[PDB]
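A short worksheet on the structure shown next.
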Amino acid sequence: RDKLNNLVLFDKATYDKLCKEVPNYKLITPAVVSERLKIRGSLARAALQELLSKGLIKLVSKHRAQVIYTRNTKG
Amino acid sequence: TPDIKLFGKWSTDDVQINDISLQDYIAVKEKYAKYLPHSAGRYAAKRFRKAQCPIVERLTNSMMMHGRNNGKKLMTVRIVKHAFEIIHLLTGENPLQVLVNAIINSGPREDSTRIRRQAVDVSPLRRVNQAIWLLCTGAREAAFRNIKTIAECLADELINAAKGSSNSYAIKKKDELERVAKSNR
Amino acid sequence: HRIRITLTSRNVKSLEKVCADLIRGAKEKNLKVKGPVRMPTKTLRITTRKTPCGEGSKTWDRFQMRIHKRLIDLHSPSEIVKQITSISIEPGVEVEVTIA
Amino acid sequence: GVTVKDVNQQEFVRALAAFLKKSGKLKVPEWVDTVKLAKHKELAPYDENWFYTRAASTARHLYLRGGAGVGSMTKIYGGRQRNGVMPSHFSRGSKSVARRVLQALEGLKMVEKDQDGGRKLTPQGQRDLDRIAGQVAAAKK
Amino acid sequence: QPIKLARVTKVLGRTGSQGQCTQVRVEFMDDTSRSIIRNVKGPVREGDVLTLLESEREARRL
Amino acid sequence: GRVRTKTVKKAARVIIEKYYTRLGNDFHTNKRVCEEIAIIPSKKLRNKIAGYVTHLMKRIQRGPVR
Amino acid sequence: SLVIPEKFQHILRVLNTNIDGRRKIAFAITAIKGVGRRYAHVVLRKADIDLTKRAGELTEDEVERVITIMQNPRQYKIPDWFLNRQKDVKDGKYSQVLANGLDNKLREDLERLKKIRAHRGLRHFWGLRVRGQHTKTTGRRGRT
Amino acid sequence: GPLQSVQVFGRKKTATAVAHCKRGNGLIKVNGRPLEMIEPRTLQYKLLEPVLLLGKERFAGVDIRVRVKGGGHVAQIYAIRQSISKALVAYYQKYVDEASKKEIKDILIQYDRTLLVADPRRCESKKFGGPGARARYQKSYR
RNA sequence: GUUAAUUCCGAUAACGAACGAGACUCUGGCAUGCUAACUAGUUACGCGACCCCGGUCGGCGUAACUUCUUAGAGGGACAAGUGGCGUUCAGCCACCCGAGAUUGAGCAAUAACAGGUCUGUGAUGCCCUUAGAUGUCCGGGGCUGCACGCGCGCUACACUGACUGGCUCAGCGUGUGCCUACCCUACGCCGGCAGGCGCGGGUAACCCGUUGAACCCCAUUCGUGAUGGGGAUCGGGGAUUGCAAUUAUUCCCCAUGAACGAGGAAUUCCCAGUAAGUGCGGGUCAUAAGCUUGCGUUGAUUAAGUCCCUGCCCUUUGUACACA
């Protein structure tokens, strides 16, 4: 009935609004990111590794079934 | 650390129970602190041995329902463990306190029964079990056929049930089961 | 000289009375005696339906044979062994004597 | 230093596979890239260098116990045979996929055939086994 | 109709059709003298407090 | 239900009326006193009879028994 | 990379069968009949093709390198046990047939079984279970 | 010096694990590998209650090696939690006073009683007419 | 009055008794107390291999020991001790101490069904055939047949998950046949695999085996898509047993990829290692587990009450029922 026509690869706007507002959210996980950005979970998971390299998100707890990310340190 | 224990990293102390009726039936402080929500068992043997079981273990033991997940406490402990950082990285307070606040606000006071239904007040033990139960199945239904995982679903509702914003599944049935009892009383 | 004697019997106390009887017989001749080694038993599980036909409720038997074996080692030639082993033996016990 | 019992076996398998990268003389079979690893598997592995990973995983199995044969390697590398509509049962692994590993481990000297058959790991194979064990314990400190 | 607290002082017996409720003689922690009778679901010991929405409804003695 | 049957009770009645000086108060002694003076086929009944004897002991120093 | 590349392929019209660009390369081939999850994976290793990308990024010249392995497996040393049609009935060819010849190949052997009047052909004629299934309790939905 | 060797057995549903105390340094290993490195890793801190709730200084003079076989995984971890707590209890009873042994025991008494007294829970036999020890097959009427 | 109990106490025109229940047999659990172990291990000695005195090794031979392995004799638990309830009798609840303060199964009374079995019998009354046999044996088929309904079951409807790797653990057992022509397996090669070929071990605490089981744990892919869920139907090929597989005996590979989005009326089983999940032995087996019988792993929610329903056991009552 309700078909989730998720987005496979990032647009210019979606990649722009991933670099700015995502480091404002307190909770970043690939489950909610694929839900909120209206994108695939493969694209959601692949979006979060470079932010860890770019220094915009922090990993605190990684696991095979769930990985969780947050903002940068407030200081 | 023979003096104090840390539930992974969470404090044994400074968890407060608001309603005084449920403080004897919530086992979180000064005698029931454990490093894991897993233990040997034996608390299901006697009638009233159930009350002193730690509530994190009780929520864990009430979690592996619906068939394929039965007898899988090794993975539901993993679900509970990750679910506490989600509370600390959404609200920012002690997840033990948020779980405690979810029990009080999801537990109905009175409930109707066949004896034409007459409304009778529930036991403080009965209020604990039903409040635990309503917030657990909602995570089961929210994680069913959805991108959102089971670990997030546990942390969503008990945060919502702590504040009672009528968006958790546990809050709505708590309102309805007392609204029905309020009618035929 | 290293002689093995095998003590197999279906009854528990028929095997137990003869396993100590060879101890009493051999200690009179006062030679090197090893203790009786208690090895784990074998039990015979047979489960069959009680009804001769296939009619009625489904009930099952539990038919069992526990068999025990005891090994006692002797440091003696076969002259001493052939004398004692013919004294006070009962058909419930099957005795096997190995010279090697 | 320490032995491999002080080193976690999860990241030990590709640390020894990295030792198999710098050697590069395992004389791998032609059918590495196109074979199914067992009859209870249905598809090919995602990791390409599974032969260099299983051979590294085979060496740590032979250090703990010796005398292992072809049938023993199929037993440990077996798994559930999901029979589909039928109930799932345990199945043995493929025979030649473990036979070529022990043949690869005897090509370059890492294993020797023990008495009464089997495969046991050579002392020099244990000697460099401790060096990769000490390089991980020093890394985690 | 404020929320009130009711503290169990002694139990009376099993009530209901299936024995699903426990009739409990209950005391109030707000005042010691005034105290009523109410049927309680679930297993109840001595030394626990209930949460009645109203204190004006009293269960009959069977 | 830990209710003593007639076989345990009637066996304990004859012991008291014959061995008043031999019987004690604690369970373990008159367990061994009744071991020699009674042919009890099993240890379970030996504890049950001696245990019922000890319950009849508390009735003895507190007055008469019917 | 993480952003969209140039030259979009969403539907790959390959051997008159649509292939979605939304799915991965390793499993978008499977929509073609005659190739499944297994036979598509080996083709990604016969030619040096990375399977970690999507089916809307790979370039147009080397997708010709992919499809020549479909109908011609033997010169790219694909073994005979990956093939749907081993030892063909007429010409005895060990080959893989892909979603268009596949159903052409499917309708000789049915009336090849019909013209021989074998039992295996007859069960297909009345639409009964040919592999030896019990029809007393099952087989009700399509037959009213 | 003197051989202060104490060998203490631990039992469970099926898993049996025997510790081996000796007068040595403060290292703990089971089957040749330490307590930190055991899969499943969900239950890491369960191996630590004998260590954390009694202190590392109590294990400084005692080294232990545990041989483990039988049962399943969680049986084995629950075997080696309680096998090593009883191992230190017997060491401080035989060679030194139990005044020190009773004050480490009552810490384990108040926390969890499985560390010293084993659970006598075992799997009862399955009966005929049912798939389990209590459950029966689906009774069909008519 | 009490109990699981016609279990006892106590009354008493009833007394003395008998079967049954209980008692009794097996199993579980606690004893660094006894006996014993070179087909079981532990601890020490001496080496070997490796790493920086120490650590590991199912790598090697020795002396002590039964803590871990086994089975034998004994012991232990009795409402025994305490606080209450109770005629203070029968007994009941809670607590200390203690591995247990109700383990599970076996056996099971009088009378009855016209319950089922003559297709288990060299168990059989009576009736029938008996030479062109309803007797023996051989070839083929069938009992599986398919517009439909019903019963016991296995697999799914997925993200608590599917897949790919790596990690890591069990106990019941069983195994070479009087006829019998047919065993379980180590190890070394060939083939992707099914499987094919060589040598040995084990008549079995010796070999399988230290039973390298699933489950579990860790790390990728998939991304809510009837999707890499699901595997029904079906095509092509390759192997085993058998004299013989087509109506596909089974096993292996590729391919086809249906319904099914948590199931109405109604209904089944269960409260502690229990349910449920999950695998392993045995039976039928030349070829053989969706069944059944046991074993083992992970392992709970609920309840410690009731006659509401379904029923069962006594007492009173009424009956025009007595194949009730």
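Please note that chains go A, B, ... in the order of the structure tokens, that every chain numbers its residues from 1, and that ligands are numbered from 1 in the order shown.
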
Next on the checklist: Which residues are close to residue 299 of chain I, i.e. within 8 Å by only C-alpha atoms (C1' of nucleotides), leaving aside same-chain residues fewer than 4 positions away? Reply as number ranges by chain.
Outcome noted: B: 70-73; I: 273

Checklist entry - Hey, what's within 9 Å of residue 137 of chain D if we count only C-alpha atoms (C1' of nucleotides) and toss same-chain stuff fewer than 6 positions away? As a count of residues only, please? => result 4

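Backbone DSSP over chain E yields strand (DSSP E or B) at residues 6, 7, 8, 9, 10, 11, 12, 13, 14, 15, 21, 22, 23, 24, 25, 26, 27, 28, 35, 36, 37, 38, 39, 40, 41, 49 and 50 of chain E.
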
Selection from above, N, CA and C atoms, as a PDB file, in the first residue's frame, can you write it?
ATOM      1  N   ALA E   6      -3.804   4.653  49.670  1.00  0.00           N
ATOM      2  CA  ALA E   6      -4.452   3.719  50.585  1.00  0.00           C
ATOM      3  C   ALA E   6      -3.481   2.603  50.945  1.00  0.00           C
ATOM      4  N   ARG E   7      -3.238   2.415  52.241  1.00  0.00           N
ATOM      5  CA  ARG E   7      -2.229   1.474  52.719  1.00  0.00           C
ATOM      6  C   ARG E   7      -2.897   0.230  53.301  1.00  0.00           C
ATOM      7  N   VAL E   8      -2.481  -0.942  52.824  1.00  0.00           N
ATOM      8  CA  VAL E   8      -3.120  -2.198  53.203  1.00  0.00           C
ATOM      9  C   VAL E   8      -2.793  -2.511  54.658  1.00  0.00           C
ATOM     10  N   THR E   9      -3.827  -2.798  55.458  1.00  0.00           N
ATOM     11  CA  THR E   9      -3.637  -3.102  56.871  1.00  0.00           C
ATOM     12  C   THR E   9      -3.888  -4.560  57.238  1.00  0.00           C
ATOM     13  N   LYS E  10      -4.823  -5.239  56.569  1.00  0.00           N
ATOM     14  CA  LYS E  10      -4.991  -6.684  56.702  1.00  0.00           C
ATOM     15  C   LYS E  10      -5.822  -7.175  55.525  1.00  0.00           C
ATOM     16  N   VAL E  11      -5.562  -8.399  55.083  1.00  0.00           N
ATOM     17  CA  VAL E  11      -6.268  -8.959  53.936  1.00  0.00           C
ATOM     18  C   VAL E  11      -7.456  -9.777  54.430  1.00  0.00           C
ATOM     19  N   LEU E  12      -8.534  -9.794  53.646  1.00  0.00           N
ATOM     20  CA  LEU E  12      -9.762 -10.499  54.007  1.00  0.00           C
ATOM     21  C   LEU E  12      -9.930 -11.837  53.304  1.00  0.00           C
ATOM     22  N   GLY E  13      -9.782 -11.884  51.986  1.00  0.00           N
ATOM     23  CA  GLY E  13      -9.927 -13.140  51.276  1.00  0.00           C
ATOM     24  C   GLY E  13     -10.109 -12.911  49.794  1.00  0.00           C
ATOM     25  N   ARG E  14     -10.173 -14.027  49.072  1.00  0.00           N
ATOM     26  CA  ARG E  14     -10.352 -14.002  47.627  1.00  0.00           C
ATOM     27  C   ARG E  14     -11.803 -13.707  47.267  1.00  0.00           C
ATOM     28  N   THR E  15     -11.992 -12.820  46.293  1.00  0.00           N
ATOM     29  CA  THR E  15     -13.311 -12.469  45.787  1.00  0.00           C
ATOM     30  C   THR E  15     -13.318 -12.622  44.270  1.00  0.00           C
ATOM     31  N   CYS E  21      -9.781 -11.443  42.056  1.00  0.00           N
ATOM     32  CA  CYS E  21      -9.537 -10.268  42.876  1.00  0.00           C
ATOM     33  C   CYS E  21      -9.407 -10.674  44.337  1.00  0.00           C
ATOM     34  N   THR E  22      -8.663  -9.874  45.094  1.00  0.00           N
ATOM     35  CA  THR E  22      -8.466 -10.087  46.521  1.00  0.00           C
ATOM     36  C   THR E  22      -9.138  -8.953  47.284  1.00  0.00           C
ATOM     37  N   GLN E  23     -10.174  -9.282  48.051  1.00  0.00           N
ATOM     38  CA  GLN E  23     -10.807  -8.285  48.903  1.00  0.00           C
ATOM     39  C   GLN E  23      -9.890  -7.957  50.071  1.00  0.00           C
ATOM     40  N   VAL E  24      -9.517  -6.686  50.188  1.00  0.00           N
ATOM     41  CA  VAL E  24      -8.512  -6.254  51.151  1.00  0.00           C
ATOM     42  C   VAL E  24      -9.104  -5.167  52.034  1.00  0.00           C
ATOM     43  N   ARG E  25      -9.031  -5.366  53.345  1.00  0.00           N
ATOM     44  CA  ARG E  25      -9.336  -4.289  54.271  1.00  0.00           C
ATOM     45  C   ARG E  25      -8.152  -3.329  54.290  1.00  0.00           C
ATOM     46  N   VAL E  26      -8.394  -2.076  53.917  1.00  0.00           N
ATOM     47  CA  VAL E  26      -7.317  -1.147  53.599  1.00  0.00           C
ATOM     48  C   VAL E  26      -7.435   0.113  54.452  1.00  0.00           C
ATOM     49  N   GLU E  27      -6.283   0.588  54.923  1.00  0.00           N
ATOM     50  CA  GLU E  27      -6.141   1.785  55.740  1.00  0.00           C
ATOM     51  C   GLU E  27      -5.559   2.920  54.886  1.00  0.00           C
ATOM     52  N   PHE E  28      -5.743   4.158  55.332  1.00  0.00           N
ATOM     53  CA  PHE E  28      -5.281   5.300  54.553  1.00  0.00           C
ATOM     54  C   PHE E  28      -4.110   5.993  55.236  1.00  0.00           C
ATOM     55  N   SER E  35     -11.047   4.742  57.089  1.00  0.00           N
ATOM     56  CA  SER E  35     -10.540   3.582  56.367  1.00  0.00           C
ATOM     57  C   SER E  35     -11.718   2.779  55.832  1.00  0.00           C
ATOM     58  N   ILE E  36     -11.586   2.246  54.612  1.00  0.00           N
ATOM     59  CA  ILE E  36     -12.707   1.592  53.934  1.00  0.00           C
ATOM     60  C   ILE E  36     -12.325   0.200  53.434  1.00  0.00           C
ATOM     61  N   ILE E  37     -13.230  -0.434  52.686  1.00  0.00           N
ATOM     62  CA  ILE E  37     -13.050  -1.783  52.156  1.00  0.00           C
ATOM     63  C   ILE E  37     -13.083  -1.704  50.635  1.00  0.00           C
ATOM     64  N   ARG E  38     -12.069  -2.276  49.987  1.00  0.00           N
ATOM     65  CA  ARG E  38     -12.003  -2.291  48.533  1.00  0.00           C
ATOM     66  C   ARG E  38     -11.409  -3.611  48.058  1.00  0.00           C
ATOM     67  N   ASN E  39     -11.929  -4.115  46.939  1.00  0.00           N
ATOM     68  CA  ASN E  39     -11.379  -5.306  46.305  1.00  0.00           C
ATOM     69  C   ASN E  39     -10.186  -4.926  45.435  1.00  0.00           C
ATOM     70  N   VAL E  40      -9.127  -5.730  45.506  1.00  0.00           N
ATOM     71  CA  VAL E  40      -7.866  -5.439  44.833  1.00  0.00           C
ATOM     72  C   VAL E  40      -7.512  -6.602  43.916  1.00  0.00           C
ATOM     73  N   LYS E  41      -7.191  -6.289  42.663  1.00  0.00           N
ATOM     74  CA  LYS E  41      -6.619  -7.274  41.757  1.00  0.00           C
ATOM     75  C   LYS E  41      -5.139  -7.484  42.062  1.00  0.00           C
ATOM     76  N   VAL E  49       1.020   0.171  49.571  1.00  0.00           N
ATOM     77  CA  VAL E  49       0.113   1.305  49.470  1.00  0.00           C
ATOM     78  C   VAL E  49      -0.571   1.254  48.110  1.00  0.00           C
ATOM     79  N   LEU E  50      -1.873   1.529  48.092  1.00  0.00           N
ATOM     80  CA  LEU E  50      -2.662   1.557  46.872  1.00  0.00           C
ATOM     81  C   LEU E  50      -2.875   3.003  46.426  1.00  0.00           C
TER      82      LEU E  50
END

Item to check | chain I contacts on chain D, only C-alpha atoms (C1' of nucleotides), 7 Å, as an MDAnalysis selection string | outcome: chainID D and resid 1:3 9:10 35:36 39 45:46 65 69 75:76 80 84:87 116:118 123 126:127 130

Enumerate, as a CSV table (one decimal) with N, CA and C atoms, in the first residue's frame, the complete set of residues in segment 13-45 of chain A that a backbone-based DSSP assignment places in helix (DSSP H, G or I).
chain,number,residue,atom,x,y,z
A,13,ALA,N,21.5,19.1,-3.1
A,13,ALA,CA,20.8,19.6,-1.9
A,13,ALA,C,20.9,18.7,-0.7
A,14,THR,N,20.7,17.4,-0.9
A,14,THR,CA,20.8,16.4,0.2
A,14,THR,C,22.2,16.3,0.7
A,15,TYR,N,23.2,16.4,-0.1
A,15,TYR,CA,24.6,16.4,0.4
A,15,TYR,C,24.9,17.7,1.0
A,16,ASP,N,24.3,18.8,0.7
A,16,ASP,CA,24.5,20.1,1.3
A,16,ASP,C,23.8,20.1,2.7
A,17,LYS,N,22.6,19.6,2.8
A,17,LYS,CA,21.9,19.5,4.1
A,17,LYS,C,22.2,18.3,4.9
A,18,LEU,N,23.2,17.5,4.4
A,18,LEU,CA,23.9,16.5,5.3
A,18,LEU,C,25.1,17.1,6.0
A,19,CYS,N,25.8,18.0,5.4
A,19,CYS,CA,27.0,18.6,6.0
A,19,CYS,C,26.7,19.6,7.0
A,22,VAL,N,22.9,17.8,10.0
A,22,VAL,CA,23.2,16.5,10.7
A,22,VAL,C,24.2,16.7,11.8
A,23,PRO,N,25.2,17.5,11.7
A,23,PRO,CA,26.0,17.8,12.9
A,23,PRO,C,25.3,18.8,13.9
A,24,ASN,N,24.1,19.0,13.7
A,24,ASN,CA,23.2,19.7,14.8
A,24,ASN,C,22.4,18.7,15.5
A,30,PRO,N,22.0,5.3,11.4
A,30,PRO,CA,21.6,5.0,10.0
A,30,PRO,C,20.1,4.6,9.9
A,31,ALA,N,19.5,4.1,10.9
A,31,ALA,CA,18.1,3.8,10.9
A,31,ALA,C,17.2,5.0,10.7
A,32,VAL,N,17.5,6.0,11.6
A,32,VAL,CA,16.7,7.2,11.5
A,32,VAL,C,17.1,8.1,10.3
A,33,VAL,N,18.4,8.0,9.9
A,33,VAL,CA,18.9,8.8,8.8
A,33,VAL,C,18.2,8.4,7.5
A,34,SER,N,18.1,7.1,7.3
A,34,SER,CA,17.4,6.6,6.1
A,34,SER,C,15.9,6.8,6.2
A,35,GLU,N,15.4,6.9,7.4
A,35,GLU,CA,14.0,7.3,7.6
A,35,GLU,C,13.8,8.8,7.3
A,36,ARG,N,14.6,9.6,7.9
A,36,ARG,CA,14.4,11.1,7.8
A,36,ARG,C,14.8,11.7,6.5
A,41,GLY,N,19.0,2.7,3.4
A,41,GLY,CA,19.8,2.4,4.5
A,41,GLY,C,21.3,2.2,4.1
A,42,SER,N,21.5,1.7,2.9
A,42,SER,CA,22.8,1.6,2.3
A,42,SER,C,23.5,2.9,2.2
A,43,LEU,N,22.7,3.9,1.6
A,43,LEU,CA,23.2,5.3,1.5
A,43,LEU,C,23.3,5.9,2.8
A,44,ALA,N,22.4,5.6,3.8
A,44,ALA,CA,22.5,6.1,5.1
A,44,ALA,C,23.8,5.6,5.9
A,45,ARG,N,24.1,4.4,5.7
A,45,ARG,CA,25.3,3.8,6.4
A,45,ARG,C,26.6,4.4,5.7

Go through chain I residue by residue and, counting only C-alpha atoms (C1' of nucleotides), keep those with an atom at most 8 Å from chain C; for each kept residue give the shortest atom pair and its distance in Å to one decimal, ordered by chain and increasing number, as a tab-separated table.
residue	atom	partner	partner_atom	distance
I:36	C1'	C:35	CA	4.8
I:37	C1'	C:37	CA	4.9
I:70	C1'	C:39	CA	5.0
I:71	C1'	C:38	CA	5.2
I:72	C1'	C:16	CA	7.6
I:116	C1'	C:55	CA	5.3
I:117	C1'	C:53	CA	5.1
I:120	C1'	C:52	CA	7.9
I:205	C1'	C:39	CA	6.5
I:293	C1'	C:47	CA	6.7

How would the residues just picked look written out with C-alpha atoms (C1' of nucleotides) as a PDB file, in the first residue's frame?
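Done, and the output landed in result02.pdb:
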ATOM      1  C1'   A I  36      39.464 -48.296  44.232  1.00  0.00           C
ATOM      2  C1'   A I  37      41.631 -47.056  38.895  1.00  0.00           C
ATOM      3  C1'   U I  70      33.382 -43.932  37.025  1.00  0.00           C
ATOM      4  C1'   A I  71      30.273 -46.878  40.326  1.00  0.00           C
ATOM      5  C1'   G I  72      29.801 -49.405  45.190  1.00  0.00           C
ATOM      6  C1'   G I 116      -9.923 -52.353  20.074  1.00  0.00           C
ATOM      7  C1'   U I 117      -7.075 -56.435  18.395  1.00  0.00           C
ATOM      8  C1'   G I 120       0.774 -61.108  15.807  1.00  0.00           C
ATOM      9  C1'   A I 205      35.725 -46.016  28.925  1.00  0.00           C
ATOM     10  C1'   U I 293      11.164 -42.052  21.400  1.00  0.00           C
TER      11        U I 293
END

Checklist entry - Could you name the residues that touch residue 50 of chain C at 9 Å or less, counting only C-alpha atoms (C1' of nucleotides), but leaving out those on the same chain fewer than 5 positions away, as a ChimeraX atom specification? => result /C:58-61

I need the chosen residues saved as a CSV table (one decimal), in the first residue's frame, with N, CA and C atoms.
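The resulting again_0.csv:
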chain,number,residue,atom,x,y,z
C,58,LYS,N,-2.0,-43.4,23.2
C,58,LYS,CA,-0.6,-43.6,22.9
C,58,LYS,C,0.3,-43.7,24.2
C,59,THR,N,0.6,-44.9,24.6
C,59,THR,CA,1.4,-45.1,25.8
C,59,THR,C,2.6,-46.0,25.4
C,60,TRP,N,3.7,-45.8,26.1
C,60,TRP,CA,5.0,-46.4,25.7
C,60,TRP,C,5.7,-47.1,26.9
C,61,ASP,N,6.5,-48.1,26.6
C,61,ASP,CA,7.2,-48.8,27.7
C,61,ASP,C,8.5,-48.2,28.0

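If you look at atom CA of residue 53 of chain E and atom CA of residue 3 of chain E, they are 5.3 Å away from each other.
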
Next on the checklist: For a quick test of understanding: name the residues of chain I lying within 12 Å of chain A when counting only C-alpha atoms (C1' of nucleotides), and present them as JSON, numbers by chain.
Outcome noted: {"I": [159, 160, 161, 217, 218, 219, 220, 221, 222, 223, 224, 225, 226, 261]}

Next on the checklist: Only residues of chain G matter here; which ones have an atom within 10 Å of chain A, counting only C-alpha atoms? Give them as a list in words.
Outcome noted: residues 1, 2, 3, 4, 5, 21, 22, 23, 54 and 56 of chain G

Residues of the last selection are to be written out with N, CA, C and O atoms, as a CSV table (one decimal), in the first residue's frame.
chain,number,residue,atom,x,y,z
G,1,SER,N,31.0,10.0,-6.3
G,1,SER,CA,31.2,9.1,-5.1
G,1,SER,C,29.8,9.0,-4.4
G,1,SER,O,28.9,8.4,-4.8
G,2,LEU,N,29.8,9.6,-3.2
G,2,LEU,CA,28.5,9.5,-2.4
G,2,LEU,C,27.5,10.4,-3.1
G,2,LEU,O,26.3,10.1,-3.0
G,3,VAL,N,27.9,11.5,-3.7
G,3,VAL,CA,27.0,12.2,-4.6
G,3,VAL,C,26.8,11.5,-5.9
G,3,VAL,O,27.6,10.5,-6.2
G,4,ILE,N,25.8,11.8,-6.7
G,4,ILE,CA,25.4,11.1,-7.9
G,4,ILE,C,26.4,11.4,-9.0
G,4,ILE,O,26.9,12.5,-9.1
G,5,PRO,N,26.8,10.3,-9.7
G,5,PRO,CA,27.8,10.5,-10.8
G,5,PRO,C,27.0,11.1,-12.0
G,5,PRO,O,25.8,11.5,-12.0
G,21,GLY,N,18.5,0.4,-12.2
G,21,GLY,CA,19.8,1.0,-11.7
G,21,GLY,C,19.8,1.3,-10.2
G,21,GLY,O,20.8,1.7,-9.7
G,22,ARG,N,18.7,1.1,-9.5
G,22,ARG,CA,18.5,1.4,-8.1
G,22,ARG,C,19.2,0.2,-7.3
G,22,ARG,O,19.7,0.5,-6.2
G,23,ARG,N,19.1,-1.0,-7.8
G,23,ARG,CA,19.7,-2.1,-7.1
G,23,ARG,C,21.2,-2.3,-7.3
G,23,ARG,O,21.8,-1.6,-8.2
G,54,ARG,N,26.6,0.7,-7.4
G,54,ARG,CA,25.2,0.5,-7.8
G,54,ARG,C,25.2,0.2,-9.3
G,54,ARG,O,26.2,0.3,-10.0
G,56,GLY,N,23.7,2.0,-11.5
G,56,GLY,CA,23.5,3.2,-12.2
G,56,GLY,C,24.7,4.1,-12.3
G,56,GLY,O,24.7,5.2,-12.8
